[PDB]
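Everything on this sheet refers to the single structure shown next.
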Amino acid sequence: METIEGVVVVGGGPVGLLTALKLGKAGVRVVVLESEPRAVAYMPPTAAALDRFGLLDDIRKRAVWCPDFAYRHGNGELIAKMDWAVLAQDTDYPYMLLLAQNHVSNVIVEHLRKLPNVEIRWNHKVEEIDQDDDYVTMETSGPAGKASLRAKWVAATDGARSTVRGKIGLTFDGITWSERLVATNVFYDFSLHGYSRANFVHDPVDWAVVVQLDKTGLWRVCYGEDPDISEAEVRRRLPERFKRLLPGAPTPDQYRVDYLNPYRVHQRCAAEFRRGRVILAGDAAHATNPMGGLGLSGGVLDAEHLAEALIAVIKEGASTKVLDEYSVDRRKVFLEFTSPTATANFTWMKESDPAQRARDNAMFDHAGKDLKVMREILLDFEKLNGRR
């Protein structure tokens with residue numbers, strides 16, 4: 001029985017990798033267990049956190065620089081443009097960065113690879129987990145077969161229920177399923193037709209998120225479709241849907257669909273973010289409305305705080321009260337800011353009452369024209385920091 005006098009991080013998404021990164025940089029011994037939707041937008045407080053991790057330069061080189069985001073009607077007409085530059089006196093990072101999760105993960109891997117105290121186990125999954133007073137014990141399956149592992153502390157970061165999160169007996173509350181969404185990746189020059197790099201389209205039927213994924217010119221278009229039909233019928237309907245979702249009403253030859261996936265997600269929030277020596281972060285702890293949550297995962301600031309707390313315990317002899325302050329603070333951010341904001345944004349996006357829509361359009365229009373009010377709204381993202 002291999003024993004790790006340090007931390008085991010289960011899940012090699014960005015949140016897991018970041019957690020390992022900051023731990024590893026402080027000398028803590030870390031073993032990451034990676035195994036097999038995606039979050040792609042970084043707001044200013046998140047960019048500030050990435051600078052502290054030392055990752056912002058390498059990320060800025062790959063990311064799509066996004067100075068503004070737009071609200072639009074279903075005919076593509078502009079409702080309001082929010083310009084991050086209005087924050088140039090408030091932050092060193094007055095912009096949004098857009099990048100697909102896999103590219104972010106590859107950057108973070110290159111930095112971990114310079115830390116000999118950090119080891120990554122590819123495609124190792126956690127089949128069983130339990131703890132006692134001293135250690136967390138895990139049963140793992142990898143390409144080598146079954147094996148056993150124990151660690152002082154475990155940080156679980158992965159969303160599936162089959163993983164650690166649904167094996168330590170935590171309550172999950174706020175559980176709501178989504179309607180049927182379709183995520184597509186498209187090669188279409190949206191910007192040639194007046195779109196911004198990130199766009200919220202507000203329409204009772206043809207609402208959508210349109211946001212750029214990487215520097216190849218691939219874009220993500222998320223929209224709603226009838227939940228009763230087969231995946232085959234979804235694909236058959238797309239051409240006709242794109243005549244409205246894409247500006248200029250293109251015909252099939254003007255664009256290329258690289259990926260198409262219907263899906264549904266559960267919102268949820270764990271009752272407590274820690275159970276003994278196991279601590280949750282990111283997608284293992286909570287999930288926000290998928291369609292209103294752009295830039296609101298909280299994953300990066302989760303990871304920063306979690307690693308700061310574990311360093312204090314392991315390297316500095318602090319009591320585990322810091323791990324409890326972590327749980328309370330991040331859970332407050334989700335409950336009182338992130339979740340409600342994502343739910344409000346989605347409610348505005350799909351409103352069907354013509355009188356409420358006009359009230360909503362006037363509000364966005366005004367936020368777009370009065371730069372002081374645009375400023376106030378954009379500054380609200382600083383609540384991702386919580387009270388730390």
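Lettering and numbering for the structure tokens are positional, with chains as A, B, ... in the shown order, residues counted from 1 in each chain, and ligands counted from 1 in the shown order.
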- Query: Running DSSP on the backbone, which parts of range 50-287 of chain A land in helix (DSSP H, G or I), as a ChimeraX atom specification?
  - Reply: /A:50-53,56-62,84-87,101-112,164-166,191-193,231-245,252-254,282-284
- Query: Near residue 23 in chain A, counting only C-alpha atoms, which residues have an atom at most 8 Å away, once you skip same-chain residues fewer than 6 positions from it, shown as a PyMOL selection string?
  - Reply: chain A and resi 29-30+307-308+310-311
For those residues, write C-alpha atoms to a file as a PDB file, in the first residue's frame.
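Output file result13.pdb follows:
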```pdb
ATOM      1  CA  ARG A  29       3.541  16.211  -2.512  1.00  0.00           C
ATOM      2  CA  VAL A  30       0.666  15.744  -4.975  1.00  0.00           C
ATOM      3  CA  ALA A 307      -4.933  24.967  -2.141  1.00  0.00           C
ATOM      4  CA  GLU A 308      -4.233  27.961   0.134  1.00  0.00           C
ATOM      5  CA  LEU A 310      -4.391  22.813   2.450  1.00  0.00           C
ATOM      6  CA  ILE A 311      -0.999  24.452   2.427  1.00  0.00           C
TER       7      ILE A 311
END
```
- Between A:27, A:292, A:317, A:282, which is the closest to residue 158 in chain A once you count only C-alpha atoms?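 Checking each of A:27, A:292, A:317, A:282 against residue 158 in chain A, counting only C-alpha atoms, the winner is A:282.
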- Show which residues sit within 10 Å of residue 302 in chain A, as a list in words. Count only C-alpha atoms, and ignore same-chain residues fewer than 6 positions away. residues 15, 18, 19, 280, 281, 282, 285, 308, 326, 327, 329, 330, 331, 333, 384 and 385 of chain A
Among range 54-189 of chain A, which ones does DSSP place in strand (DSSP E or B), written as an mmCIF file with N, CA and C atoms, in the first residue's frame?
```
data_model
loop_
_atom_site.group_PDB
_atom_site.id
_atom_site.type_symbol
_atom_site.label_atom_id
_atom_site.label_comp_id
_atom_site.auth_asym_id
_atom_site.auth_seq_id
_atom_site.Cartn_x
_atom_site.Cartn_y
_atom_site.Cartn_z
ATOM 1 N N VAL A 64 -8.624 33.789 -26.907
ATOM 2 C CA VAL A 64 -9.271 34.781 -27.750
ATOM 3 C C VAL A 64 -9.567 35.983 -26.862
ATOM 4 N N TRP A 65 -8.948 37.092 -27.205
ATOM 5 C CA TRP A 65 -9.113 38.337 -26.502
ATOM 6 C C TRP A 65 -10.471 38.887 -26.814
ATOM 7 N N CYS A 66 -11.232 39.176 -25.778
ATOM 8 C CA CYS A 66 -12.620 39.571 -25.932
ATOM 9 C C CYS A 66 -12.873 40.845 -25.136
ATOM 10 N N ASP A 68 -15.373 42.962 -25.365
ATOM 11 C CA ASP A 68 -16.779 43.203 -25.107
ATOM 12 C C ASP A 68 -17.632 41.949 -25.270
ATOM 13 N N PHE A 69 -18.851 41.980 -24.719
ATOM 14 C CA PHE A 69 -19.855 40.952 -25.016
ATOM 15 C C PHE A 69 -21.163 41.657 -25.357
ATOM 16 N N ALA A 70 -22.018 40.981 -26.087
ATOM 17 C CA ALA A 70 -23.205 41.603 -26.634
ATOM 18 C C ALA A 70 -24.458 40.858 -26.210
ATOM 19 N N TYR A 71 -25.543 41.620 -26.034
ATOM 20 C CA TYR A 71 -26.895 41.090 -26.002
ATOM 21 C C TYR A 71 -27.534 41.396 -27.320
ATOM 22 N N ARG A 72 -28.259 40.435 -27.900
ATOM 23 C CA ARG A 72 -28.906 40.619 -29.219
ATOM 24 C C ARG A 72 -30.277 40.026 -29.283
ATOM 25 N N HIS A 73 -31.078 40.474 -30.238
ATOM 26 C CA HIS A 73 -32.365 39.868 -30.479
ATOM 27 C C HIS A 73 -32.136 38.746 -31.429
ATOM 28 N N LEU A 78 -28.429 44.286 -32.377
ATOM 29 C CA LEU A 78 -27.818 44.576 -31.132
ATOM 30 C C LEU A 78 -28.826 45.189 -30.181
ATOM 31 N N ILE A 79 -28.794 44.728 -28.925
ATOM 32 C CA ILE A 79 -29.556 45.308 -27.823
ATOM 33 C C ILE A 79 -28.628 46.163 -26.968
ATOM 34 N N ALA A 80 -27.512 45.579 -26.549
ATOM 35 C CA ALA A 80 -26.499 46.314 -25.805
ATOM 36 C C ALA A 80 -25.160 45.619 -25.933
ATOM 37 N N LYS A 81 -24.108 46.412 -25.911
ATOM 38 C CA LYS A 81 -22.744 45.930 -25.924
ATOM 39 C C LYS A 81 -22.117 46.352 -24.597
ATOM 40 N N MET A 82 -21.570 45.409 -23.849
ATOM 41 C CA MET A 82 -20.910 45.741 -22.607
ATOM 42 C C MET A 82 -19.410 45.731 -22.826
ATOM 43 N N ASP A 83 -18.756 46.850 -22.537
ATOM 44 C CA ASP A 83 -17.332 47.049 -22.838
ATOM 45 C C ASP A 83 -16.513 46.977 -21.572
ATOM 46 N N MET A 96 -12.104 40.080 -21.100
ATOM 47 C CA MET A 96 -12.541 38.686 -20.968
ATOM 48 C C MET A 96 -11.616 37.851 -21.841
ATOM 49 N N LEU A 97 -11.254 36.670 -21.377
ATOM 50 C CA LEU A 97 -10.419 35.767 -22.192
ATOM 51 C C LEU A 97 -11.240 34.516 -22.507
ATOM 52 N N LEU A 98 -11.300 34.111 -23.774
ATOM 53 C CA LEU A 98 -12.074 32.910 -24.157
ATOM 54 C C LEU A 98 -11.112 31.839 -24.642
ATOM 55 N N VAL A 118 5.248 16.722 -8.071
ATOM 56 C CA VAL A 118 3.870 16.502 -8.577
ATOM 57 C C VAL A 118 3.922 15.378 -9.606
ATOM 58 N N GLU A 119 3.029 14.404 -9.487
ATOM 59 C CA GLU A 119 2.992 13.274 -10.435
ATOM 60 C C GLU A 119 1.573 13.161 -10.965
ATOM 61 N N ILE A 120 1.427 12.969 -12.268
ATOM 62 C CA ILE A 120 0.085 12.843 -12.885
ATOM 63 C C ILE A 120 -0.109 11.406 -13.340
ATOM 64 N N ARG A 121 -1.208 10.791 -12.930
ATOM 65 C CA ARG A 121 -1.548 9.425 -13.383
ATOM 66 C C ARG A 121 -2.706 9.525 -14.370
ATOM 67 N N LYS A 125 -8.769 5.878 -12.378
ATOM 68 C CA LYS A 125 -10.072 6.303 -11.837
ATOM 69 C C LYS A 125 -10.241 5.754 -10.432
ATOM 70 N N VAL A 126 -11.042 6.448 -9.639
ATOM 71 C CA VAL A 126 -11.287 6.055 -8.284
ATOM 72 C C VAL A 126 -12.546 5.206 -8.210
ATOM 73 N N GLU A 127 -12.363 3.912 -7.903
ATOM 74 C CA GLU A 127 -13.443 2.920 -7.830
ATOM 75 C C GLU A 127 -14.047 2.822 -6.439
ATOM 76 N N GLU A 128 -13.214 2.967 -5.407
ATOM 77 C CA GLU A 128 -13.701 2.958 -4.011
ATOM 78 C C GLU A 128 -12.927 3.941 -3.106
ATOM 79 N N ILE A 129 -13.616 4.497 -2.123
ATOM 80 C CA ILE A 129 -13.016 5.468 -1.232
ATOM 81 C C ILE A 129 -13.617 5.361 0.174
ATOM 82 N N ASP A 130 -12.752 5.327 1.182
ATOM 83 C CA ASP A 130 -13.185 5.564 2.558
ATOM 84 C C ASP A 130 -12.028 6.101 3.384
ATOM 85 N N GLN A 131 -12.376 6.652 4.532
ATOM 86 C CA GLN A 131 -11.413 7.331 5.355
ATOM 87 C C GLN A 131 -11.504 6.852 6.788
ATOM 88 N N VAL A 136 -7.080 8.887 4.011
ATOM 89 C CA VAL A 136 -8.139 8.493 3.110
ATOM 90 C C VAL A 136 -7.585 7.313 2.315
ATOM 91 N N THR A 137 -8.333 6.219 2.211
ATOM 92 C CA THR A 137 -7.863 5.042 1.433
ATOM 93 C C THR A 137 -8.657 4.928 0.135
ATOM 94 N N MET A 138 -7.994 4.684 -0.987
ATOM 95 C CA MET A 138 -8.722 4.602 -2.272
ATOM 96 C C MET A 138 -8.413 3.303 -3.012
ATOM 97 N N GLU A 139 -9.395 2.784 -3.734
ATOM 98 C CA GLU A 139 -9.146 1.651 -4.647
ATOM 99 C C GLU A 139 -9.104 2.290 -6.035
ATOM 100 N N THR A 140 -8.042 2.069 -6.806
ATOM 101 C CA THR A 140 -7.946 2.738 -8.124
ATOM 102 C C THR A 140 -7.817 1.740 -9.272
ATOM 103 N N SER A 141 -8.330 2.122 -10.430
ATOM 104 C CA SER A 141 -8.204 1.296 -11.646
ATOM 105 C C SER A 141 -7.501 2.144 -12.705
ATOM 106 N N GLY A 142 -6.505 1.574 -13.363
ATOM 107 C CA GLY A 142 -5.753 2.259 -14.371
ATOM 108 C C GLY A 142 -5.424 1.288 -15.485
ATOM 109 N N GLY A 145 -4.118 -1.927 -14.207
ATOM 110 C CA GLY A 145 -5.041 -2.751 -13.424
ATOM 111 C C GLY A 145 -5.402 -2.093 -12.079
ATOM 112 N N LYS A 146 -5.900 -2.884 -11.141
ATOM 113 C CA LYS A 146 -6.357 -2.356 -9.860
ATOM 114 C C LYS A 146 -5.170 -2.016 -8.968
ATOM 115 N N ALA A 147 -5.331 -1.026 -8.102
ATOM 116 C CA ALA A 147 -4.329 -0.797 -7.076
ATOM 117 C C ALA A 147 -4.902 -0.004 -5.906
ATOM 118 N N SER A 148 -4.134 0.090 -4.839
ATOM 119 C CA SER A 148 -4.593 0.739 -3.617
ATOM 120 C C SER A 148 -3.733 1.941 -3.267
ATOM 121 N N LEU A 149 -4.365 2.985 -2.735
ATOM 122 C CA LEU A 149 -3.702 4.244 -2.471
ATOM 123 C C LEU A 149 -4.224 4.911 -1.191
ATOM 124 N N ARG A 150 -3.362 5.520 -0.378
ATOM 125 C CA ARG A 150 -3.848 6.314 0.766
ATOM 126 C C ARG A 150 -3.175 7.651 0.852
ATOM 127 N N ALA A 151 -3.907 8.639 1.355
ATOM 128 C CA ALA A 151 -3.380 10.007 1.397
ATOM 129 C C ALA A 151 -3.886 10.790 2.588
ATOM 130 N N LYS A 152 -3.111 11.761 3.014
ATOM 131 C CA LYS A 152 -3.530 12.589 4.138
ATOM 132 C C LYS A 152 -4.787 13.361 3.802
ATOM 133 N N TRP A 153 -4.910 13.784 2.549
ATOM 134 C CA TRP A 153 -5.975 14.695 2.121
ATOM 135 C C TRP A 153 -6.342 14.382 0.704
ATOM 136 N N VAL A 154 -7.626 14.440 0.414
ATOM 137 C CA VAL A 154 -8.091 14.271 -0.954
ATOM 138 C C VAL A 154 -8.954 15.429 -1.418
ATOM 139 N N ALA A 155 -8.576 16.006 -2.553
ATOM 140 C CA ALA A 155 -9.350 17.055 -3.199
ATOM 141 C C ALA A 155 -10.003 16.466 -4.423
ATOM 142 N N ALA A 156 -11.313 16.335 -4.375
ATOM 143 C CA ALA A 156 -12.101 15.805 -5.457
ATOM 144 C C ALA A 156 -12.612 16.965 -6.312
ATOM 145 N N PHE A 172 -26.646 16.401 -1.693
ATOM 146 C CA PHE A 172 -26.690 17.445 -2.698
ATOM 147 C C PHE A 172 -28.088 18.023 -2.709
ATOM 148 N N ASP A 173 -28.177 19.348 -2.691
ATOM 149 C CA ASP A 173 -29.443 20.058 -2.726
ATOM 150 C C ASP A 173 -29.493 20.942 -3.984
ATOM 151 N N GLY A 174 -30.585 21.682 -4.137
ATOM 152 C CA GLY A 174 -30.753 22.589 -5.294
ATOM 153 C C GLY A 174 -30.657 21.860 -6.630
ATOM 154 N N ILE A 175 -31.100 20.600 -6.646
ATOM 155 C CA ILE A 175 -30.952 19.761 -7.816
ATOM 156 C C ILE A 175 -32.056 20.043 -8.813
ATOM 157 N N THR A 176 -31.724 20.657 -9.942
ATOM 158 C CA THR A 176 -32.701 20.831 -11.033
ATOM 159 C C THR A 176 -32.103 20.462 -12.384
ATOM 160 N N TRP A 177 -32.868 19.687 -13.142
ATOM 161 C CA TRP A 177 -32.487 19.259 -14.472
ATOM 162 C C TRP A 177 -32.774 20.363 -15.480
ATOM 163 N N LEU A 181 -30.694 20.990 -24.451
ATOM 164 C CA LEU A 181 -29.816 21.896 -25.128
ATOM 165 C C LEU A 181 -28.999 21.138 -26.188
ATOM 166 N N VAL A 182 -28.573 21.881 -27.190
ATOM 167 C CA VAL A 182 -27.709 21.392 -28.199
ATOM 168 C C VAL A 182 -26.489 22.303 -28.201
ATOM 169 N N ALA A 183 -25.312 21.710 -27.982
ATOM 170 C CA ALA A 183 -24.028 22.376 -28.114
ATOM 171 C C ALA A 183 -23.474 22.010 -29.457
ATOM 172 N N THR A 184 -23.182 23.018 -30.283
ATOM 173 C CA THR A 184 -22.487 22.786 -31.534
ATOM 174 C C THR A 184 -21.174 23.564 -31.585
ATOM 175 N N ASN A 185 -20.202 23.035 -32.309
ATOM 176 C CA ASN A 185 -18.986 23.764 -32.668
ATOM 177 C C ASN A 185 -19.027 24.036 -34.151
ATOM 178 N N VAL A 186 -18.949 25.313 -34.510
ATOM 179 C CA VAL A 186 -19.085 25.725 -35.919
ATOM 180 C C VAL A 186 -17.950 26.611 -36.398
ATOM 181 N N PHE A 187 -17.490 26.312 -37.607
ATOM 182 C CA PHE A 187 -16.647 27.209 -38.359
ATOM 183 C C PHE A 187 -17.544 28.138 -39.135
#
```
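Closest to residue 41 in chain A among A:269, A:234, A:246, A:294 is A:294, based on only C-alpha atoms.
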- Query: If we count only C-alpha atoms, what is near residue 230 in chain A at a cut-off of 12 Å, once residues fewer than 5 positions away on the same chain are taken out, given as a ChimeraX atom specification?
  - Reply: /A:180,225,235-237,261-263
Those same residues - C-alpha atoms - I'd like them written as a short mmCIF file (atom, residue, chain, number, x, y, z; two decimals), in the first residue's frame.
```cif
data_model
loop_
_atom_site.label_atom_id
_atom_site.label_comp_id
_atom_site.auth_asym_id
_atom_site.auth_seq_id
_atom_site.Cartn_x
_atom_site.Cartn_y
_atom_site.Cartn_z
CA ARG A 180 -32.68 19.87 -23.79
CA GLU A 225 -34.48 22.06 -29.13
CA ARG A 235 -29.28 17.07 -36.83
CA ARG A 236 -31.85 17.15 -39.61
CA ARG A 237 -33.35 20.36 -38.16
CA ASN A 261 -24.19 17.14 -29.11
CA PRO A 262 -27.61 17.30 -27.43
CA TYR A 263 -27.44 17.26 -23.68
#
```
- Straight-line distance linking CA of residue 358 in chain A with CA of residue 293 in chain A, stated in Å to one decimal: 23.2 Å
- Between CA of residue 51 in chain A and CA of residue 21 in chain A - distance in Å to one decimal: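 Value for the CA of residue 21 in chain A-CA of residue 51 in chain A distance: 13.0 Å.
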- Query: Out of A:223, A:334, A:200, A:42, which residue has the shortest atom-to-atom distance to residue 283 in chain A when counting only C-alpha atoms?
  - Reply: A:334
Compile the contact shell of residue 34 in chain A as a CSV table (one decimal) with N, CA and C atoms, in the first residue's frame: residues with an atom at most 8 Å away, counting only C-alpha atoms, same-chain residues fewer than 3 positions apart removed.
```
chain,number,residue,atom,x,y,z
A,10,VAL,N,-8.3,14.2,-7.4
A,10,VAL,CA,-9.0,13.3,-8.2
A,10,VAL,C,-9.7,14.2,-9.2
A,11,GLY,N,-9.2,14.1,-10.5
A,11,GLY,CA,-9.8,14.8,-11.6
A,11,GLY,C,-8.8,15.8,-12.1
A,12,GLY,N,-8.6,15.7,-13.4
A,12,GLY,CA,-7.6,16.5,-14.1
A,12,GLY,C,-8.2,17.5,-15.1
A,13,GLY,N,-9.3,18.0,-14.7
A,13,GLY,CA,-9.8,19.3,-15.3
A,13,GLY,C,-9.0,20.4,-14.8
A,120,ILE,N,1.4,13.0,-12.3
A,120,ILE,CA,0.1,12.8,-12.9
A,120,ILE,C,-0.1,11.4,-13.3
A,121,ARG,N,-1.2,10.8,-12.9
A,121,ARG,CA,-1.5,9.4,-13.4
A,121,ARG,C,-2.7,9.5,-14.4
A,122,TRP,N,-2.4,9.3,-15.6
A,122,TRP,CA,-3.4,9.5,-16.7
A,122,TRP,C,-4.4,8.3,-16.7
A,123,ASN,N,-5.7,8.6,-16.9
A,123,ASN,CA,-6.7,7.6,-17.0
A,123,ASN,C,-6.7,6.7,-15.7
A,124,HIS,N,-6.4,7.2,-14.6
A,124,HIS,CA,-6.6,6.4,-13.3
A,124,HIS,C,-7.9,6.8,-12.7
A,125,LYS,N,-8.8,5.9,-12.4
A,125,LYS,CA,-10.1,6.3,-11.8
A,125,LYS,C,-10.2,5.8,-10.4
```
